[PDB]
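Q: Quick one: the structure is below, questions incoming.
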């Protein structure tokens, strides 16, 4: 293992070959999950891009966080998307937290602590256990077929995800930076492979 | 009974079948009342919707809180409405408190603690005792005949109503979240039935 | 006498019959005076209206505070007016304080503590002692001939007036709500008659 | 002598006869100086006006502070001007401090503590010792030939000027209102003559 | 040596002859460096200008910080530039810090403490050791061939540069004004020559 | 009951303007007014309305063409349509706001804009 | 008393412009000026006025067409109407603000805009 | 599957306007709609789309000319093009948003704008 | 002394545009420039000027018609008038700012715009 | 070296529009592009350019007439000039930004706009 505390991944150039692949000890299919992270880039105002690609052999888009220019954040699961609009975008590092549950189909999204209205999406579904998780490039196949126009340029870090919805109390604690015990992906005990031009550097954001 | 403290009702999908029905031990016709609540949705900028439907057999709109796009808040009693404008609408949870009195006909409305100018409406009237109270769907009949275009999507909670006007002191205390003793509807000792897809979840707002 | 502390007059409906008449023990003609008050209404953006009508048999407009749409505040004395512009108007209760002196002809106006530039108006004049003071309706005759289009709808209170200019120190104290000793009109020891639909209710503003 | 502490001069009406003349014990020609003052008026948005006219027999504009509508502040020395722009003007009392030095030709201007970029102006010049200093009217001759369109309406005070450049430390202290020892013109030990309608009243600004 | 603490260089007039030349004891070619400074001018909105010209016999633009009107900051190395946009520019003193590394090619820029997204530029390059450093005039030859349209008018100071990238912690400390130990150029132990009309004066900024 | 009475309609060609009006037998100091038009075959569609405060709302199609006005003094509202075109021809109905479910309607007046 | 004296009116066709004016025998540094027109059969209606500060207000109908101006130096105000049209033809009155109840009026000048 | 069905196309000259439309067999309360045109020889290019919230986006070329609209009540979207010109003539395709990689397409309708 | 030298004037009809110019024998990096016109019988009236920073001011009458420009590099200023009309015909004077009381003037050039 | 290659020029009359273009043999994801025109007798003057972020700058004369566009995908930039007029006729040069002192230039293409 490794500890990335106060460190982050940097993609400085637009390309279709640089990417970071993560590994998880997950064995059981998921019925509900949450994922939090922090990222910083300026392509927001030029073109869309992916943020966190969780793909399975049966689905290139099992879970996907995307940014669409003039649209906002697109949270997709099981090949279906939900949109959260953003009339205008600021230029600064942003921390987000998204959660989904199969039992009811409720979706929660949080940006900078402020929650967004809940929504319903793909009730009763299940998520495959074995999967490939990638940062930097969108997936249209099982770990391949990347698109340059869907790549990400900038910094990313503080990648974590549990396998059960968190109460608002807990989300606020995560933003404040208190202690926590991630279950599926631990930024403090993480495993990763890298390809192409990707660097590890001290984080910009506090 | 039940205690909903730190919990709220969620309607995730637009429909004409989901709704929550409340019950009150009220026996005497009302000569003055107040009602406070907290709600969160984003349909504000798309179409109007109801918030709290209190209907009687003789009147589908005995008491009604409505939002009209580009107009604002519409407080209706005895089938007649009064308007409070809002040039622009923010996107965040909102807490409101409205009061009416039959003796004089004065109306008070409070949003986020800031009071609005008083107005006169239906002086000398009385309100029927037996009634049906609904959250989620507007009423055009005694507990039926809902309209999809008048439904509500989002979260609602902290539903309470006395049967006498409250002094500004008291309204400020209610917003600060201090202790209080509701008379007609107690969020802490509430009774409710549910229909359709409605969920109970921890509240978003502080 | 009576004490109006934490209480205010309310005119809920536009009419030409509701009004409050005040009485003062004044016996000597005035050579200088000041008047402060607090009021709340939303007609600002629709049509002009009077605020405080002090009329004498020889002059329907001995002293007059008026609001003219798209113009601002109009302070009139002896039938002549002075203007204070306001490019845009906020919607909230406002407290004001105006002072005039005959010896020099200087005029001071204060809104929410912030002073406005001084001006000259009707130097060497004197003000009649016996007079009628009215809130709610403008005067075009000695206590009669009201105009519906010049009426006021909203709340008013904290009506006070001395008979000598106050130093800025003193005006600031009045706004902070400290103790004071009004001379001509005391909100704490006031006399009043009412006509039409006018109500007494707890004040909205702090 | 006299002490003007917490007092200021007021010109209420536009005229070409009201003005205040100051006297200084200056005997030696100046090689560098600074002047600070505080003033309040609203003509900013209508027409230009002078602020402080220091004229000598050989020069009606030995030193001159002017406001030009849509242009800003004009600091003139020896008949030549330098401009400091202001895209938009606020409505409130303003305190300023300007300094000049002959040895190098550097100019410093400060408004409300915030300094402006330095500039060069009339290097190597000297300023006549005997002179006439006037507030209210611009000078086109040695104490005469005033122009109504160049007059000032409003309040002025806290007039002071040394005969050597002050360090930024010192300027900040002056704005904070601490103690100081003016050399050429002392607001606390000042001499003045008045003409026309000019009044002395307590200052508006803190 | 000399200590410039609380002092800064001033160029008051636009010219093609005034400039300050710095000297460094550098002997080894650089593989990575950072430079911080503070400057104040208003030409931002009129025309572009250079800030800090580090030229070598083989390259007039070995390192160059430039401002391009309507474009922003241009950081150039080895004759190639990178751009940081600025939709609008404020008028006040600004402190900046830029760092570059040859091993990876990463670029960091900081204005007023807020960092900007990283970028890649001229990977694998090296910087000549012997060089000429100039403030005031851009270099198109080894210490000559200046352009009036590329000159700088205003104040500059707190010039420092290490020869290794600094961690964000350290950059924040530098902005707060704590202690530091510059390696290549020490504002506290600096050597300089001057030409033309350039002055030394107390700094404006805190 | 509100005795609404409208007026100001008839026959006009394309490229003209008309200022119709309506009046009520009660104070309009609080209620808002609007207009509905109904083309042959379709339903009643909103055209424009004005709030008691003064805020105005206009239908997208007639955007930048029509204009509404109100007068408390006589309790009357007005609607001026400019650059009339044949497709806009339709039956125009008056509007008196009430509870959100309900609303008063006028008799309506036909306005046929030919070529 | 204020000796108001206006001028700049007569006969004009449709599609022209006229710059009328008025002057007063006293300083106008504080009072505001305006214009009233009266069509045959109706009352005096406001057209436009300008405050002492400089803020301007215009009648809705003539919006974007007329324009008022003031000059303290000579104590005179001006009103320029462009793209005159026959319906705007009416008797135009001068205005001198006073207490809100009262206001000075001029003699008025007829301006008949034919085809 | 979404049964998209569009309509409102044919032959028109330059200087006209057309209001085409499309409908779907499912609620469009959340998905966004757009339009793609394909000129002879080139690919499918975006023209305009509207989000579920109401925000609209338009292609640069047709900026200020076209206009899109949506109606949840009938589950139908509309596109009105004004001042049609011959170069805009092309095959127009319907759009149904889905995962960012994928998107539903309609049969498309030819709109030939001659002189 | 500043040797002002202007140019770019003559005879033109109504509906044209002219780009006159002036130059000075000294750096204009700080002083602002403007233009004055004088109609037959009246005085010198301001037309437009531009500050050293770049801010521009225009006379109300020529608002939206004229346009001024400056160039430090050659120490020259330019004024372009479009849609010239006969009434604008007048003698145009150059301007060099100085102390507020004083200001440099050029020789002026006649520009007669006929029908 | 950047192999710039432009195209889209020739003979046109007044009142037309042309969409010229240029392409480069390297990624333009960071460098900005612009255009220079040179009239007979004068130097190379800036016309318009667009930054990598997307911000655009236009020459004052052609303000509101021209329009630039960029495409990373093919590494090509475009410039569309509308309402061409004879005076705009000149030799147009391509632009590739570099260090502030230096900049790449294209071969340029003549565009002669006659009456």
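Just so you know, the numbers here start at 1 and follow the chain as drawn.
When the header is checked for method, it gives electron microscopy, 3.7 Å.
Backbone N, Cα and C atoms are what each Cβ position is placed from, and that goes for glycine too.
Okay, these came from Swiss-Prot:
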type     : residues                        : note
MOD_RES  : B:1                             : pyrrolidone carboxylic acid
DOMAIN   : B:5-206                         : domain 'Pentraxin (PTX)'
DISULFID : B:36-B:97                       : disulfide bond
BINDING  : B:60, B:61, B:138, B:139, B:140 : Ca(2+) 1 binding site
BINDING  : B:138, B:140, B:150             : Ca(2+) 2 binding site
Q: By the DSSP assignment reduced to helix, strand and coil, which category contains residue B:150 (Ca(2+) 2 binding site)?
A: helix
Q: At the Cα level, what's the spacing in Å between residue B:140 (Ca(2+) 1 binding site) and residue B:36 (disulfide bond), rounded?
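A: Between the Cα atoms of residue B:140 (Ca(2+) 1 binding site) and residue B:36 (disulfide bond), the distance comes to 23 Å.
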Q: Listed recorded positions are B:1, B:36, B:97, B:150; which of them have CA atoms within 10 A of the CA of residue B:139 (Ca(2+) 1 binding site)?
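A: The recorded positions close to residue B:139 (Ca(2+) 1 binding site) (Cα within 10 Å), listed in sequence order, are B:150.
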Q: Let me know how many other Cβ atoms fall within 10 Å of the Cβ of residue B:140 (Ca(2+) 1 binding site).
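A: So the number of other Cβ atoms within 10 Å of residue B:140 (Ca(2+) 1 binding site) is 17.
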Q: Cα-Cα separation of residue B:150 (Ca(2+) 2 binding site) and residue B:61 (Ca(2+) 1 binding site), in Å?
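A: Between the alpha carbons of residue B:150 (Ca(2+) 2 binding site) and residue B:61 (Ca(2+) 1 binding site) there are 13 Å.
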Q: Name the residues of the same chain, 6+ apart in sequence, whose Cβ is under 8 Å from the Cβ of residue B:97 (disulfide bond)?
A: B:34, B:35, B:36, B:108, B:109, B:110, B:166, B:171, B:174, B:175
Q: Between B:1, B:61, B:139, B:150, which of the recorded positions has its C-beta surrounded by the fewest other C-beta atoms within 10 Å?
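A: Relative to the other recorded positions in B:1, B:61, B:139, B:150, B:1 has the fewest Cβ atoms within 10 Å.
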Q: Using a 10 Å radius around its CB, how many other CB atoms surround residue B:60 (Ca(2+) 1 binding site)?
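A: A 10 Å sphere around the Cβ of residue B:60 (Ca(2+) 1 binding site) contains 22 other Cβ atoms.
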Q: List the same-chain residues at least 6 positions away in sequence whose Cβ sits under 8 Å from the Cβ of residue B:138 (Ca(2+) 1 binding site), in sequence order, or say none.
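A: Residue B:138 (Ca(2+) 1 binding site) has long-range Cβ partners B:49, B:50, B:53, B:64, B:66, B:146, B:147, B:150, B:151.
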Q: So for residue B:36 (disulfide bond), how many other CB atoms are inside 10 Å of its CB?
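A: The answer is 23 other Cβ atoms.
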Q: Out of B:1, B:36, B:60, B:61, B:97, which recorded positions come under 8 Å of chain F, measuring Cβ to Cβ?
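A: The answer, in sequence order, is B:60, B:61.
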Q: How many Å separate the Cα atoms of residue B:60 (Ca(2+) 1 binding site) and residue B:1 (pyrrolidone carboxylic acid)?
A: 27
Q: Is residue B:61 (Ca(2+) 1 binding site) helix, strand or coil when read with DSSP?
A: strand
